[PDB]
Structure formats: C-alpha cells, structure tokens
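The block underneath contains the structure these notes are about, expressed in structure tokens.
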Number of protein chains: 2
Amino acid sequence: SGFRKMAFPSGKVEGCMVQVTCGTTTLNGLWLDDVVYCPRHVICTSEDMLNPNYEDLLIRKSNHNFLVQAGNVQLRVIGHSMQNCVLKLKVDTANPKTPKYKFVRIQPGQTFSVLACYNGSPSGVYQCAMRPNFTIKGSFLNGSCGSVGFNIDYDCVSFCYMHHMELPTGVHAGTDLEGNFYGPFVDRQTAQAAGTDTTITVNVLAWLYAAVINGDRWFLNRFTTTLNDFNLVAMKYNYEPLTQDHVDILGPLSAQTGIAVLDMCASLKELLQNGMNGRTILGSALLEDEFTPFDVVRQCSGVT
Amino acid sequence: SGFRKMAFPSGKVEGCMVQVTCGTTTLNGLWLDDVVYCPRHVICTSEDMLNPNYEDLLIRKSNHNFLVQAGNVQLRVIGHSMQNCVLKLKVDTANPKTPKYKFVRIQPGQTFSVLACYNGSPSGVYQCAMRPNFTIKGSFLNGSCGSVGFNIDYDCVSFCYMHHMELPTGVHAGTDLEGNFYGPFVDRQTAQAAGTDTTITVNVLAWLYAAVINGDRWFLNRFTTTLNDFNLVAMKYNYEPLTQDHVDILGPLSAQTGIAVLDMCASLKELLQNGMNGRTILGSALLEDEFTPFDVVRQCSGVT
Ligand SMILES: Cc1ccncc1NC(=O)CNc1ccnc2ccccc12
Ligand SMILES: Cc1ccncc1NC(=O)CNc1ccnc2ccccc12
C-alpha cells in the first residue's frame, strides 16, 4: 500500500500561529490559551546575536513593544516573561482555536512534524527526527524562528520543538516549549559544535519492517546475529547501539511480519557491510532513519 | 538553510473531510459548499468491484442510503448524481469551513499534497508528484479512498486529485474532482497496466538547483551539453525529454545561481552515466524528481 514520510495534519497548529514583532525583528509565535510563546531572540537585532545579554535586553522592553498579530487582528499584550530561551506573552484573549495540548520534551531519535511559518503564516509541513546529536535537519529561512514541531494523538497536540537557530553547518537547533534547548546549543550567533551525528538504528529497523510489509524484501537474508555482534558493526558505521528496549519496541513489527528482530539486524548488518548494490528500499537508495517503530505501526494501520 | 519534501499546510482541507457510507462501504468525502464529492465506488461491495455497472448500482440507491457524517454531525442528503467516477451528494448545509477553492486537472510531473484520511478523519499529509504514467506513489490503505490531493496559493485551495484505486503493482490511481481518472485507469478491480514510469527531468534539474543553493555542489562539473545531446542520455535512462519550455521554467533558478540550464544538464548527464559514487545530494542517494521548479523557488523564498 505504499510508505511515505508523512507529517501529522497541521490544522490544529495552524490556528495557533501568530506573528510577533519586537523592534525591527519579526518571527513566529505559538498562541495557546492567553499566552503567546516565541523565541526570546525576538528582542535581538542582528548585532545583538553575537553576544546578547537577554536579561538586560528584555529590561528595555515593555508589553507595548511586543506586537502580536493573529491573521489581521492585533492581540493586546498584558504580561511578558522569559522562561529559559522562550518569551511568554500574556495576551488579554484566549485563542478560540486552542486545541487540547501538552508540552513534551522528546527524546533523540523520536520524530515530529514541523509547521514552517513566516510572519505568522504557515508555508509548509514536513516530518523530522530529533537527531541523536539534538539537531534537526529542517528547512528554515530568515523569519522561520518560532515555527514549531509537534505530534498528535487523536485530538491532543504535543508540542515538542520551537525553532531558534541555524548553525553554521546548515543544521537546525531549537528548544522544547519550556525554552530549554535540545542539546548544548545556545541562542547566540557563535560557532557551535554539533557533535557526531549517528544513525538511529531502531528507526532503520522499523523502516526495514515497513519495507517487508509493503513488498520490498530483496534485502532479507539467510543470516542471524546477536545484539553484541550487531553492535560491533553498528559502532563501525556510526549507528546507535541497539538495546533490548529497542528490540522490545520492535516487538509488534516482529510479530506482524514473523521476522525476528535479530534476523532483521542481520539484514541491516549485510546492508551496512555491502551497501545497496544500486538497489532501493521504499524508494530510497540509503537506509532511512526518520521513522520510529510507532510511526511504522501508525502508518501501516491508518491511525487517524 | 535545508531542503525538505514539504507538503502544504492541510488545515483548509481537514475542515472539508467527511465520512461517506453507503451500504457496508465507508470512505472519505470532500465537503465544499453544499456538495460532498466522493468516489462512486462507495456504492460497490468487494464483489461488485470485479465488474461494476455503476449506473445500475446507483439506481438501487436513494438520498437516504448515503450517510454523510462530518465529525459527530450528520448531513442531510437532498440530491445525488454521478459525474464520471465521482458521486456528488447535495447536502442541505453549506460547509462553514469551505475555503476559497478551485478544481484543477494537473499535468503529469506536477506536484501536490495528499491528506490521507480514514472514516473522514485526517491521519497524515505528504507531498506527491503525478508520475508521467499518471499514477502516484502514495500511502493508502483500505478506507483511504476519497482522500484528496491539492495545492494552495495564499488562501485558494486547488483540488487536483481524489484517491480511488490501488493497482496490483502497489501504485495508486485516482481522479481529478470532476471524476476523470488520471491516465487509462478504470474504477474496476481488474489488471491495469501502469505504463513505463519515466523520471521527471525538469524536476530533477530544479532539485539540483535547490542542492546548489543549499550548499551541495560536489556534482557541478566543467562540462556543458546541448538539448539534443542531453536527450540522447535522458532517453537511455528513461528520463522525460527536456524541452525549451522546461529550460524556460528553470530560468529563475538559473538566474539565481548563475549556472546555465545546459551546464546543469551536463552535471545531470554525468550523474546518470557515473552514478553518485556513494555520495548524497540533499540527503538523498538517488536523483529526486518530486520537486517542481515552482516548488524549489517557493521553498527557497519562504512563500506562505
Ligand atoms: C536566518 C535563519 C535561518 C534559519 N533558521 C534560523 C535563522 N536564524 C538564526 O539562527 C537566528 N537569527 C536571528 C536571531 C535573532 N534576531 C535576528 C535578527 C536579524 C537576523 C537574524 C536574527
Ligand atoms: C484497499 C485499497 C488500498 C489503497 N488504495 C485503494 C484501495 N482500494 C481500492 O483500490 C478499491 N477498493 C474498493 C472499492 C470499492 N468498494 C470496495 C469494497 C470493499 C473493499 C474494497 C473496495
């Protein structure tokens, strides 16, 4: 039935997007209840970003300096406060489109959808994974800051990410909705080392299970391996070591296909050692790692 | 700044999704104004699909046999009619969430977003291209029929696709919103030849331009070619012949990067003849063809 890099339907998040302007800086804000959440660097100019003292910069700002616009209507700001790297702008109006929501701090290797916005307007939606090095490989231009990452469980939107920075390497960094950066990144225009990015092994295996379910099975072999043998190969190819927790999470996929997790590990071991030999898996010529075992189950069962 | 397979924000389409049930068959409908559009095979059972006489099947159906539910509310059906392969159910209530919309019949090689739905509920959104052989490589399970493909220009939703069939080959077929199938496909569970699928050359070139803009330039070479020389190579590798119209559409990308279209064709010629040599372009190990020149411009400029 096909397998696609699917994002969650973004409607519930679109109704929360606002434009936040402070001075000459305009970025996106997330309006939930009577609070607008945005990156605190909205108070910075291009030159302030080199070494900003956010506490000192914010002291020169009053409620009337934060211009919040939701579509064509202006929100009245009645409070402002900084929480880690996010500003919380209390407005006098609760967002009538506020969905049921939670703020969650996701784990590296987990996936989420990103609603890229400019001037408080949504332009696109795509599915991302938080890399093991806590960066995301997104698509963000000047003005995209404040764009959010989220997951949806039936009617509840779990916000997990807010975009803040583009590192000199072209990868992206941001925070959870409490303003805490994922990784060692800071909201300062300085050289920031994004460590070694490893491949999310459990996700590659989940995607191999999705491939078998959807017809792609050329890579299945007559071999098996052990967790320790597989991890020797995984280390060599900069893959995250596979744990018994990862094996357990792959349990439903192993049960559905009848292919034991360690047998799938042996297929992955051979793909790592021999490459794809000019072939593809689910329309890809590389090992895809941005589908969790939960994503594979969800897509293969049609969870709405 | 990164480059992602971005879909349009699906909010405007989510508010149009309804569940249509006829007999024991349930699929998705598109509610716009006082009309619900759905595949006419909603009137078929599993056995009817082998050789259905839609006119005869529809005659045994009355307005009260079509159960349309939008969320938790039931729509009253006051009219029903078949237009090509779609049923148009006139309801007594205009959809209050009807966006500004158009029905457009896209060209092969063009792209669009798909809002996959089950029981009238959205589960995911992904970006597709209508293949040159008029199939789409989607992600659709039982119940996904009636899910729609669309494009968005500021506030206007152009609906281009409605999902109808999964061919025995695992690829998908459907119609425009007037019920006309893309390609030679019929809404009958029979063997249907999806012809040779070619690579959308103009899209690969547009994606190579996106790669250069975003930093990936290893594939740029000291060579040039002509349209005829390039098309000899394109024919050998089952690529669509490049025309002067395609060169003209790539004009803005050629202007932005300073790389002439024929020079980009020479890079593509060498990638076709020599492969990627174990390297990647925009995180892909194959030549991506599901980004039009318009998509590349839109994403690189941040059109909301
Ligand atoms: C440009 C971009 C693209 C993708 N993702 C993120 C960004 N920008 C950043 O990393 C942060 N940049 C800025 C933070 C605060 N004030 C700023 C004021 C003027 C200009 C830039 C500012
Ligand atoms: C299964 C699927 C997955 C992805 N895309 C499409 C489909 N199904 C089809 O091609 C059409 N199938 C059916 C059309 C009408 N009535 C039907 C009644 C019972 C069962 C199936 C019916």
Side-chain angles (χ1 to χ4, degrees), chain A residues 1-2 20-28 38-50 52 54 57 85 87 114 116-118 135-147 162-174 181 185-190 192 214 300 302, chain B residues 1-2 20-28 38-50 52 54 57 85 87 114 116-118 135-147 162-174 181 185-190 192 214 300 302:
Chain A
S1 289
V20 182
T21 300
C22 186
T24 66
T25 309
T26 293
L27 48 58
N28 309 283
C38 75
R40 69 178 176 168
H41 70 230
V42 70
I43 75 182
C44 298
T45 70
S46 195
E47 72 182 316
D48 288 333
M49 289 302 300
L50 315 175
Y54 288 99
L57 290 177
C85 303
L87 295 187
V114 171
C117 298
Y118 297 90
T135 62
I136 78 166
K137 302 190 177 167
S139 172
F140 294 111
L141 305 163
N142 221 289
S144 67
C145 300
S147 295
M162 177 166 275
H163 184 58
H164 287 242
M165 307 288 288
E166 175 157 84
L167 307 181
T169 62
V171 300
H172 305 112
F181 262 95
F185 309 112
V186 289
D187 48 357
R188 182 172 59 179
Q189 188 59 45
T190 185
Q192 301 186 53
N214 289 275
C300 298
Chain B
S1 289
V20 182
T21 300
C22 186
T24 66
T25 309
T26 293
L27 48 58
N28 309 283
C38 75
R40 69 178 176 168
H41 70 230
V42 70
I43 75 182
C44 298
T45 70
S46 195
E47 72 182 316
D48 288 333
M49 289 302 300
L50 315 175
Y54 288 99
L57 290 177
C85 303
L87 295 187
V114 171
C117 298
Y118 297 90
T135 62
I136 78 166
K137 302 190 177 167
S139 172
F140 294 111
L141 305 163
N142 221 289
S144 67
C145 300
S147 295
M162 177 166 275
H163 184 58
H164 287 242
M165 307 288 288
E166 175 157 84
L167 307 181
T169 62
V171 300
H172 305 112
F181 262 95
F185 309 112
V186 289
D187 48 357
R188 182 172 59 179
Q189 188 59 45
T190 185
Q192 301 186 53
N214 289 275
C300 298

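Both ligands and their constituent atoms are indexed starting at 1 by order of listing. Letters A, B, ... are given to chains in the order of the sequence lines, protein chains preceding strands, and every chain is numbered from 1. Hydrogens, waters and symmetry mates play no part in the numbers below; they use all other heavy atoms, side chains included.
- Between A/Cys44, A/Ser144, A/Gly138, A/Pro52, it is A/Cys44 that holds the heavy atom closest to atom 17 (C) of ligand 1.
- Between B/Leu27 and B/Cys38 there is a side-chain heavy-atom pair separated by less than 4.5 Å.
- Looking only at heavy atoms of the protein, atom 11 (C) of ligand 2 is closest to B/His164 O, 3.7 Å.
- Among protein heavy atoms, the minimum distance from atom 1 (C) of ligand 1 is reached at A/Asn142 ND2, 3.5 Å.
- Remark: side-chain polar atoms of A/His164 are not paired, donor with acceptor, to backbone N or O of A/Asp187 under 3.5 angstrom.
- Checked by atom type and distance alone, the side chain of A/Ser144 never pairs as donor or acceptor with a backbone atom of A/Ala116 at under 3.5 Å.
- Looking only at heavy atoms of the protein, atom 14 (C) of ligand 1 is closest to A/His41 CD2, 3.3 Å.
- Protein heavy atom in closest approach to atom 22 (C) of ligand 1: A/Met49 CG, 4.3 Å.
- When hydrogens are left out, the protein atom nearest atom 6 (C) of ligand 1 is A/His163 NE2, 3.3 Å; that is the closest non-hydrogen contact.
- Residue-level proximity to ligand 2 for B/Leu141 is carried by the backbone, the only part with a heavy atom below 4.0 angstrom.
- With distances taken over non-hydrogen atoms, the option nearest atom 7 (C) of ligand 1 out of A/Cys145, A/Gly23, A/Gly143 is A/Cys145.
- A donor-acceptor pair under 3.5 Å links the side-chain atoms of A/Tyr118 to the main chain of A/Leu141, judged by distance alone.
- A donor-acceptor distance shorter than 3.5 angstrom exists from the side chain of B/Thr25 to the backbone of B/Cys44, with no hydrogens or angles considered.
- The contact set between ligand 2 and B/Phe140, taken as ligand atoms under 4.0 Å from a residue heavy atom, comprises 3 (C), 4 (C), 5 (N).
- A parallel orientation is assigned to the rings of B/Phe140 and B/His163, their planes being inclined by less than 30° (bins at 30° and 60°).
- The shortest contact between atom 10 (O) of ligand 1 and any protein heavy atom is with A/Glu166 N, 2.9 Å.
- Using a 4.5 Å heavy-atom cutoff, the side chains of B/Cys145 and B/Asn28 are not in contact.
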